[PDB]
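Residue numbers (the entry's author numbering), protein chains in the order written: chain AU, 1 to 172; chain AQ, 3 to 199; chain Ah, 2 to 107; chain AO, 3 to 138; chain AK, 1 to 191; chain AE, 2 to 98.
Every residue, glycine too, gets a C-beta built ideally from N, C-alpha and C.
See below for the structure under consideration.
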Amino acid sequence: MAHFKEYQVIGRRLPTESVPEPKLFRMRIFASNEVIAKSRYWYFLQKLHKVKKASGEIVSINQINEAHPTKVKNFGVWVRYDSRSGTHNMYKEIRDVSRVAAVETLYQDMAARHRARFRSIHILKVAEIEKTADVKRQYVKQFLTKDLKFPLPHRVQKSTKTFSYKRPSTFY
Amino acid sequence: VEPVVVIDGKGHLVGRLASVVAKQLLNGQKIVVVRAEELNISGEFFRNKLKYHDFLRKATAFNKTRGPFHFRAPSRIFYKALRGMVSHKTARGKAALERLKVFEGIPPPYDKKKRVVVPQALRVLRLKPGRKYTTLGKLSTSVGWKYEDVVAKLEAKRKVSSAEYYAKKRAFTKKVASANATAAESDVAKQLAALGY
Amino acid sequence: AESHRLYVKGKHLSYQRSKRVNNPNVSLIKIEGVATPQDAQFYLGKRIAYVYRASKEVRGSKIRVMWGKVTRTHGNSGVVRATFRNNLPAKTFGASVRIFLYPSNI
Amino acid sequence: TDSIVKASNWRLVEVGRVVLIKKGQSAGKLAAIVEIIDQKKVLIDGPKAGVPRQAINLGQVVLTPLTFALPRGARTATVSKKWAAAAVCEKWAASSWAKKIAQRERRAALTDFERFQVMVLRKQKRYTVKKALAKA
Amino acid sequence: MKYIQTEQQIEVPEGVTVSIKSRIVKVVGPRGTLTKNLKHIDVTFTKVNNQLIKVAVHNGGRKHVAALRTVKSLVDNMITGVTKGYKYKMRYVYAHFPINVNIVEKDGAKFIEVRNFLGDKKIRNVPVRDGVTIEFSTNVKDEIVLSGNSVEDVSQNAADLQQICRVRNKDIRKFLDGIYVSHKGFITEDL
Amino acid sequence: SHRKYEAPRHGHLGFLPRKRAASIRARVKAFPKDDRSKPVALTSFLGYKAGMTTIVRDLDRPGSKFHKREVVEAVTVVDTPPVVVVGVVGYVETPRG
RNA sequence: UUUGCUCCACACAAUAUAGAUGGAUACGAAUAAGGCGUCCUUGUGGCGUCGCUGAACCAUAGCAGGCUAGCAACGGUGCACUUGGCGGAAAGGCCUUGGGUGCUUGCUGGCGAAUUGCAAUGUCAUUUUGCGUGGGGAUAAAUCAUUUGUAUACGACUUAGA
């Protein structure tokens with residue numbers, strides 16, 4: 001949807017005489033800003049409890065940062081998405097540097113591989129894999145080998161002019 | 003920059019080169035395209051031959067001599083691809099198309115001038131390596147252009163003469179670099195290196 | 002010296018236009034050596050002269066000038082906008098234009 | 003008769019490859035590749051040249067032919083230590099590539115008086131060069 | 001899924017020397033020399049010792065790494081050709097009509113002449129590719145032998161000799177006449 | 002609706018062309034192929050049509066009914082006085098013909 | 001049909017400009033490879049180096065580039081002759097020999113410039129034509145009318161006629 005932020009939203013139903021201090025549910029929401037995050041909070045909390053935006057109240061809305069934003073992590077993501085003729089559960093694995101960054105390439109991947117837009121995807125659980133050999137997918141196992149090296153063949157240089165005068169070279 | 007720009011067409015893709023040359027014509031730059039027989043089109047040879055036959059059947063049903071004219075030579079295939087990208091029915095578009103000279107092979111004068119390339123049209127920089135492509139010379143020969151062998155002879159002759167030219171020129175710049183090597187370590191060379199030159 | 006140029010070479014591209022309606026009051030000038038609208042910010046306000054020739058001598062000269070100025074940038078690629086005293090006559094689409102810098106805040 | 007096989011002496015993206023950043027806020031500083039995220043993203047750290055440790059796309063950097071020895075996933079102080087040990091800034095400045103960057107930077111930073119003196123010294127050098135290219 | 005680095009290996013035995021500038025392979029050895037233009041394939045060769053050469057693809061899909069093993073197989077075939085040679089034995093099958101197969105020339109052209117195929121008055125002529133020799137094997141009833149350096153040329157002359165005798169608009173489950181490849185092996189025996 | 006009855010067309014569209022020629026002397030668009038192992042010889046000749054007459058000759062065509070039998074055949078006679086060479090002309094290969 | 005025509009040079013009038021304003025600055029091939037240098041065993045060879053854009057390279061100081069004087073080297077360069085060679089793809093251009101004449105900012109001097117008034121493109125290019133001047137050069141055809149019919153509605157065509 002954008003370059004994501006991760007917000008915890010805490011909300012409850014409004015207090016009545018019979019129930020003061022209600023039970024205070026909490027969700028971790030990936031959204032672009034705090035406006036969309038409080039919409040996605042009531043979108044899922046209406047899918048789990050008898051509440052809505054009118055019978056409830058947003059208690060706190062806080063942005064969560066990656067606790068180590070510069071450590072490369074292997075994230076296991078569980079997705080519930082809607083196809084053209086049904087709904088499915090998926091498990092994809094994403095190697096990136098933050099929970100923010102793994103979700104932003106999750107929506108780019110689900111829109112490319114399966115044509116799933118933001119309205120069709122319920123992210124169930126973004127969890128980080130701590131141990132190697134717990135990585136289940138082979139497109140992430142490629143980068144966990146000891147002493148990873150590879151070249152980037154066929155380097156194409158972007159030109160600042162409309163005419164080059166020598167020839168292009170494609171070495172690296 | 004240059005008053006007349008000579009573009010080496012070898013290894014270039016037809017539509018990207020035709021687009022940049024169409025804009026350069028309309029902005030006032032005189033362009034001559036040489037070695038048009040070595041253009042490329044993305045996609046395999048059979049695809050672009052089928053495309054040429056689909057073009058080759060479009061003609062006026064009541065008199066085919068007023069129809070779409072199916073020019074077969076690689077220069078005129080390139081020219082049709084370019085003339086589609088210029089508003090050719092106006093005085094500005096006709097004026098722009100007068101600023102264009104397309105040749106297959108490299109004839110006189112333009113075989114002693116510096117040729118350029120256009121990196122937003124080079125097949126080695128635009129296509130993914132492994133995508134199959136078509137050379138315009140074999141396609142044109144397959145659809146009825148008659149002069150591939152003559153262009154081959156004359157281009158081999160030009161390559162021999164230009165190879166001898168470059169051997170002489172490379173010996174001359176060897177002497178020039180040798181004489182420039184003694185000019186260093188003196189006063190004016192170190193002061194030039196102080197001044198970035 | 003063999004070089005005497007105190008202006009920057011440029012090209013009269015087109016009028017300000019939409020797809021099907023032009024506006025002859027504003028012209029688009031492609032200045033030679035300008036690739037960004039941040040390089041084009043230097044040339045804003047500099048005076049533009051289109052220099053052309055005639056057969057009839059008018060006031061001693063056979064060369065006539067239409068004077069103008071640079072107003073603002075255009076696009077992402079260094080094309081600039083220019084208004085004139087008399088608008089450029091559209092046969093000059095692609096003609097060379099002198100962009101001076103004699104009010105060069107330099 | 004031996005079996006000659008010719009090619010592929012590429013530069014490798016690996017832990018310890020140093021890179022020149024060609025776009026961004028840094029844009030011209032050195033950095034070192036410390037981890038590999040995928041085929042296109044690598045984590046770089048430039049603590050001597052003062053870029054932040056960050057994940058970067060490989061279309062924003064260019065691999066230089068310089069390497070040095072890094073452990074996988076090294077933190078910024080250890081990147082600073084191994085950078086200082088191998089002295090890769092002084093190997094970088096010695097190369098002709100950084101000399102060309104310095105050359106065109108000094109060329110662009112010339113005033114008009116320096117440009118006139120450039121012209122005069124170039125004429126004075128050209129005279130002696132063409133004199134030397136008439137006896138050999 | 002764009003595998004990071006795959007590679008295969010090519011064994012180079014004691015006789016042959018293989019040479020690869022850009023992507024053109026030359027294998028020289030005791031039965032001659034064979035060249036191949038592999039420039040259509042974008043693979044990376046690397047000599048690690050005079051008895052072992054690796055060939056690799058970096059960042060290839062499924063079809064590209066499918067082509068890598070084809071590259072290894074073609075170079076191994078050239079090596080096996082210049083060491084051991086290649087030899088295809090073909091047999092003549094006929095129900096009634098004896099096939100007469102000889103060798104004719106027309107200004108140094110070296111044609112195989114197939115005659116009397118199912119009683120035809122047509123005389124079929126298959127040209128021999130340069131680099132494959134024919135022996136009409138004695139002490140075997142109805143056999144030809146095609147031997148040479150290249151699997152391509154040898155197997156293609158065997159395929160041309162088989163396809164020139166295609167059955168006379170008949171039921172080819174009954175009219176089983178023709179020249180069919182019986183054996184593909186090497187020129188050098190004991191291997 | 003369709004033709005209801007097929008017939009071959011009247012005329013040949015590759016000679017659709019029916020106009021007057023450019024001159025009385027018709028152009029040779031193609032001379033025979035060059036084989037440079039031979040002596041020098043002209044490829045054509047100029048003559049004038051005089052008219053026709055009739056020949057009787059024997060047929061040699063084994064397998065025919067008029068084999069070894071006299072047939073009559075119309076012929077054309079062209080008067081060819083010996084042509085005389087006044088010039089030579091050189092033509093170079095171009096990429097335009 | 002009142003000295004016509006052509007080439008050259010300069011002499012002046014006109015004519016217009018699809019757009020001069022230092023220089024279009026010549027290998028080929030590959031791009032999962034090459035360029036250059038160097039060496040040998042001249043190769044699909046060894047060693048070194050370079051790329052990461054032409055932001056380069058050459059040229060560029062002087063009354064729109066004046067007038068003089070000298071120092072150092074024997075260079076660079078314009079012009080006009082000349083020696084020979086190469087180039088037919090649309091060659092009509094490139095290379096070379098010899099002397100002459102001019103300039104030299106490679107270095108050091110002397111004088112001049114103003115007032116276009118605080119900017120006005122502040123006029124420096126090539127394109128065609130015309131006219132008298134002066135120096136070579138060479139002295140035709142076609143059409144109608146007549147005629148033939150290998151042609152033909154008419155034109156056209158095909159012939160013939162000192």
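Task: Euclidean distance between Cα positions of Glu57 of chain AU and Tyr107 of chain AU - done: Their Cα atoms are separated by approximately 29 Å.
Task: For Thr55 of chain AE: DSSP bridge partner residues - done: Per DSSP, AE:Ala75.
- [ ] Taking only beta-carbon positions, decide if residue 203 of chain AQ is within less than 9 Å of chain AK.
- [x] It is not possible to answer for residue 203 of chain AQ, since the shown part of chain AQ is limited to 3 through 199.
Open item on the list: Run through chain AU and tell me which residues come within less than 7 Å of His58 of chain AK, C-beta to C-beta.
Closed with: What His58 of chain AK touches in chain AU: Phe150, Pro151, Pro153.
Task: Under 8 Å from the C-beta of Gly132 of chain AQ: neighbouring residues of chain AK - done: Those within 8 Å of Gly132 of chain AQ in chain AK are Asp42, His64.
Task: Interface positions of the region 83 to 110 of chain AQ facing chain AE (Cβ-Cβ less than 7 Å), listed along the chain - done: Among the residues of the region 83 to 110 of chain AQ, those with a Cβ less than 7 Å away from any Cβ of chain AE are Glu106, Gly107, in the order of the chain.
TODO: Say whether chain AQ places a C-beta atom closer than 9 Å to the C-beta of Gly91 of chain AE.
DONE: Taking Cβ atoms only, chain AQ never reaches closer than 9 Å to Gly91 of chain AE, which makes this a no.
Open item on the list: DSSP three-state label for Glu113 of chain AK, please.
Closed with: Look at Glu113 of chain AK here: in three-state DSSP terms it is strand.
Open item on the list: Any contact between the region 73 to 85 of chain Ah and the region 11 to 31 of chain AK? By contact I mean 3 or more CB pairs, one from each, below 8 Å.
Closed with: Taking 8 Å as the limit for Cβ pairs, the verdict is that the region 11 to 31 of chain AK does not touch the region 73 to 85 of chain Ah.
Task: Minimum Cβ-Cβ distance from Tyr3 of chain AK to chain AU less than 9 Å - done: So, interface residue.
Task: beta strand (DSSP E) runs contained entirely in the region 12 to 37 of chain Ah, provided each spans 3 or more residues - done: Counting only runs that start and end inside the region 12 to 37 of chain Ah, the beta strand (DSSP E) elements of at least 3 residues fall at 23 to 32.
- [ ] Find the residues of chain AK that neighbour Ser10 of chain AO, judging by a C-beta separation of less than 8 Å, and give them in chain order.
- [x] Listed along the chain, the chain AK residues whose CB falls inside 8 Å of the CB of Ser10 of chain AO are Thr44, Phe45, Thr46.
Task: Beta-carbon neighbours of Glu71 of chain AE, restricted to chain AQ and to distances below 9 Å - done: Within chain AQ, not a single residue places a beta-carbon under 9 Å from that of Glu71 of chain AE; the smallest gap is close to 49 Å.
- [ ] To the nearest angstrom, report how far apart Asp59 of chain AE and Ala75 of chain AE are at their CA atoms.
- [x] Rounded to the nearest angstrom, the two C-alpha atoms are 14 Å apart.
Task: C-alpha gap between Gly17 of chain AQ and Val93 of chain AE, whole angstroms - done: The alpha-carbon atoms of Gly17 of chain AQ and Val93 of chain AE are separated by roughly 34 Å.
- [ ] Quick one: residues in its chain with C-beta nearer than 7 Å to the C-beta of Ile39 of chain AO, no 5 flanking neighbours on either side, listed in chain order?
- [x] Cβ neighbours of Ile39 of chain AO beyond the five flanking positions: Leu45, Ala57.
- [ ] On a CA-only basis, which of AK:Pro30, AK:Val126, AK:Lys110 is nearest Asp160 of chain AK? Give me that one, please.
- [x] Of the listed residues, the one whose Cα sits closest to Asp160 of chain AK is AK:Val126.
Open item on the list: Just to confirm the assignment, what range does the alpha helix (DSSP H) spanning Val16 of chain AQ have?
Closed with: Residues 16 to 28.
Task: Cβ of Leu28 of chain AQ within 9 Å of any chain Ah Cβ - done: Yes, contact with chain Ah.
Task: Enclosing alpha helix (DSSP H) for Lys63 of chain AK [first to last residue] - done: Looking at the DSSP string, the run of the alpha helix (DSSP H) that includes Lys63 of chain AK is 62 to 84.
Task: Nearest residue (CA-CA) to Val75 of chain AK, options AK:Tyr94, AK:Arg62, AK:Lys54 - done: Closest option to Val75 of chain AK, Cα to Cα, is AK:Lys54.
Open item on the list: According to DSSP, simplified to helix, strand and coil, what is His55 of chain AQ?
Closed with: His55 of chain AQ falls in the helix class under three-state DSSP.
Task: Within chain AK, the residues that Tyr7 of chain AU reaches when beta carbons sit closer than 8 Å - done: Ordered by position in chain AK, no residue passes the 8 Å Cβ test against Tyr7 of chain AU, which lies about 33 Å from the chain.
Open item on the list: Going by the DSSP bridge assignment, what does residue 231 of chain AU pair with across the sheet?
Closed with: Nothing can be reported for residue 231 of chain AU: it is not among the residues displayed for chain AU, which extend from 1 to 172.
Open item on the list: Three Cβ pairs or more, each shorter than 8 Å: is that satisfied between the region 39 to 51 of chain AK and the region 107 to 118 of chain AK?
Closed with: Output reads no: the region 107 to 118 of chain AK does not touch the region 39 to 51 of chain AK.
Open item on the list: When you compare the CB positions of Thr162 of chain AU and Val104 of chain AQ, do they come within less than 9 Å of one another, or not?
Closed with: Cβ atoms of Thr162 of chain AU and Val104 of chain AQ: not closer than 9 Å.
TODO: Compute the Euclidean distance between the alpha carbons of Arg6 of chain Ah and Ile100 of chain Ah, then round it to the nearest angstrom.
DONE: So the alpha carbons of these two residues sit roughly 11 Å apart.
TODO: Please name the residue, chosen from AK:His96, AK:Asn157, AK:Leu191, that lies closest to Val132 of chain AK on a Cα-to-Cα basis.
DONE: Selected option, being the one with the closest Cα: AK:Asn157.
Task: Ranges of the beta strand (DSSP E) found wholly within the region 48 to 110 of chain AO, counting only runs of at least 3 - done: Runs of the beta strand (DSSP E) inside the region 48 to 110 of chain AO: 53 to 59, 63 to 69.
TODO: Using the Cα positions of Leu118 of chain AK and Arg173 of chain AK, report the straight-line distance between them to the nearest angstrom.
DONE: It is roughly 15 Å from the alpha-carbon of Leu118 of chain AK to the alpha-carbon of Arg173 of chain AK.
TODO: Tell me whether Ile79 of chain AQ sits in a helix, a strand or coil according to DSSP, three-state version.
DONE: Residue state for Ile79 of chain AQ is assigned as helix, using DSSP reduced to three classes.
Task: Beta-carbon proximity of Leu68 of chain AK to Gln8 of chain AK, cut-off 9 Å - done: Cβ atoms of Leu68 of chain AK and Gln8 of chain AK: closer than 9 Å.
- [ ] Could you pull out every unbroken beta strand (DSSP E) segment of at least 3 residues lying fully inside the region 116 to 185 of chain AK, listed in chain order?
- [x] The region 116 to 185 of chain AK is shown to contain whole beta strand (DSSP E) runs of 3 or more residues at 124 to 127, 132 to 135, 143 to 148, 178 to 185, in chain order.
- [ ] Would you list, in chain order, the members of the region 61 to 76 of chain Ah that have their beta-carbon closer than 7 Å to a beta-carbon of chain AQ?
- [x] Within the region 61 to 76 of chain Ah, no residue has a Cβ that lies closer than 7 Å to any Cβ of chain AQ.
- [ ] Determine, using beta carbons only, whether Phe75 of chain AU and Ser32 of chain AU come nearer to each other than 9 Å.
- [x] No.
Open item on the list: Less than 6 Å between C-beta atoms, sequence neighbours within five positions excluded: which residues of the same chain meet that for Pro49 of chain AO?
Closed with: Within the same chain, and ignoring the five residues on either side of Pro49 of chain AO in sequence, the residues whose Cβ sits closer than 6 Å to its Cβ are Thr78, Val81, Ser82.
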